[PDB]
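Encoded as structure tokens, the following chain is the form deposited without the named molecule, with no partner shown.
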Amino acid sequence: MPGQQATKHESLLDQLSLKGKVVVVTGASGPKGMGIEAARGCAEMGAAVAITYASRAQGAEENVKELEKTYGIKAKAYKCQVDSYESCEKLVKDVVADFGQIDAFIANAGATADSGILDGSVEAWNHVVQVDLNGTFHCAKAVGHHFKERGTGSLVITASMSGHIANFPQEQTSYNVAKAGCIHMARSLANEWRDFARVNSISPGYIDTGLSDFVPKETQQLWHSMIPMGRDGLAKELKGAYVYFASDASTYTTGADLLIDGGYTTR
């Protein structure tokens, strides 16, 4: 396939449709996460969906059941520890073997940092990066081989607004740096794979996935006052961006990043 071409579709619903296509989502283990909302939308467009869990399959099995029944499409759960290259390789191999191919891959590494560099140890730095950055790389490396052979593919990397600015008042430089590396990785691979696959990143701001409770009333109040919208966003508001990049609705969009932060980076 001499380079990636434009969509032969004039119809918008056809550009968005993922019938006959396969999409893998590394998140998709919880009930209201960025991951399952990515799987949700993709399934809604008619795509067979593969989803991964880190250590506990339970939540991931209950999602596969939900995705099948509600959207009536083939879905399966697989284990994946993005921080292990062997695990991500196995992921791509088992999926391709079960689904026959992989058209789009949505990677998501969400380890958080709990301090600044000075207060934090080296191990803790290394960890957030290994998982958040090296984790995304493995995903890309593992699936990029598949894409090059098929002469097609869309890689969607979940970054973060934290890849653009540093959150306040929480100190998490390790996390912000791995996220920025993630954003640029999207631009660099977009170019490296320019003949066969598209690469884009989405940078979400504060999104509630059900763990808002574990946050002090003050802390949240301060954050909201910096978000022009004045409220956290929801994962279901991130489903459109994911399908948008995984489908043929962006056949000319590669190496791009879309901040979904309620306007936080506007100030």
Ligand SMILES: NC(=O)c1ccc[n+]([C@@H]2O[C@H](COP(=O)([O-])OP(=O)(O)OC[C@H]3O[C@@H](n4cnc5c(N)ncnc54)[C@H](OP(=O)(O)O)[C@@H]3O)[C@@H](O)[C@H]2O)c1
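The term rigid core refers to the maximal set of C-alpha atoms that superpose within 1.5 Å between the two forms. Residues that one form lacks are left out of the comparison. We number the residues from 1 along the sequence you see.
| Do the C-alpha atoms of 108-116 or of 188-196 have the higher average B factor in the entry? | It is 108-116 that shows the higher mean C-alpha B-factor.
| query | Of the two stretches 54-62 and 213-221, which shows the higher Cα B-factor on average in the entry? | reply | Looking at the recorded C-alpha B-factors, 213-221 comes out higher on average.
| message | Can you tell me which of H164, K74, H146, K141 has the maximum CA B-factor listed in the PDB entry? | response | Of the options given, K74 has the highest CA B-factor in the PDB entry.
| field | C-alpha B-factor winner, where the candidates are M226, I202, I36, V49 | value | By C-alpha B-factor in the record, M226 ranks first.
| query | Against its chain's modelled residues, does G135's Cα B factor rank lowest, middle or highest third? | reply | Its C-alpha B-factor, which the entry lists for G135, ranks in the lowest third among residues of this chain.
| message | Please place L91 in the lowest, middle or highest third of its chain according to the CA B-factor in the PDB entry. | response | For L91, whose C-alpha B-factor we compare with every modelled residue in the chain, the answer is the middle third.
| query | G181: which third of its chain by C-alpha temperature factor? | reply | Bottom third by C-alpha B-factor.
| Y85's Cα B-factor: lowest, middle or highest third of the chain? | For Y85, the deposited C-alpha B-factor lands in the middle third.
| Taking the entry's C-alpha B-factors for this chain, is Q15 in the lowest, middle or highest third? | Answer is highest: the recorded C-alpha B-factor places it there.
This next part talks about the form deposited with the named molecule bound, which is not shown.
| query | Where, among 94-102, 144-152, 75-83, 193-201, do residues come within 4.5 Å of the named molecule in the deposited complex by heavy atom distance? | reply | Stretch with heavy atoms near the partner: 75-83.
| query | With the partner left out here, if you bring back the named molecule in the deposited complex, are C42, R187 and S247 all within 4.5 Å of it by some heavy atom? | reply | Checked in the deposited complex: no contact with the named molecule for any of the three.
| said: Just checking whether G120 would be counted as a contact of the named molecule in the deposited complex - the rule being heavy atoms within 4.5 angstroms. | reply: Contact check for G120: no, nothing within 4.5 Å of the named molecule in the deposited complex.
| field | Heavy atom of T70 within 4.5 Å of the named molecule in the deposited complex | value | Residue-level check for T70: no, no contact with the named molecule.
| Is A241 a contact residue for the named molecule in the deposited complex, using a 4.5 Å heavy atom cut-off? | No, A241 sits far enough from the named molecule in the deposited complex that none of its heavy atoms falls within 4.5 Å.
| said: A159 versus the named molecule, in the deposited complex: is there a non-hydrogen atom within 4.5 Å? | reply: Within the cut-off, so yes.
| message | Please name the one residue from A54, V215, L234, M226 with a C-alpha displacement of 2 Å or more between the shown form and the other one, using the rigid core for the superposition. | response | The one that moves 2 Å or more is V215.
| message | Please list, in sequence order, every run of 3 or more consecutive shared residues whose CA atoms are displaced by 2 Å or more between the shown form and the other one on a core superposition. | response | Segment displaced between the shown form and the other one after core fit: 210-217 only.
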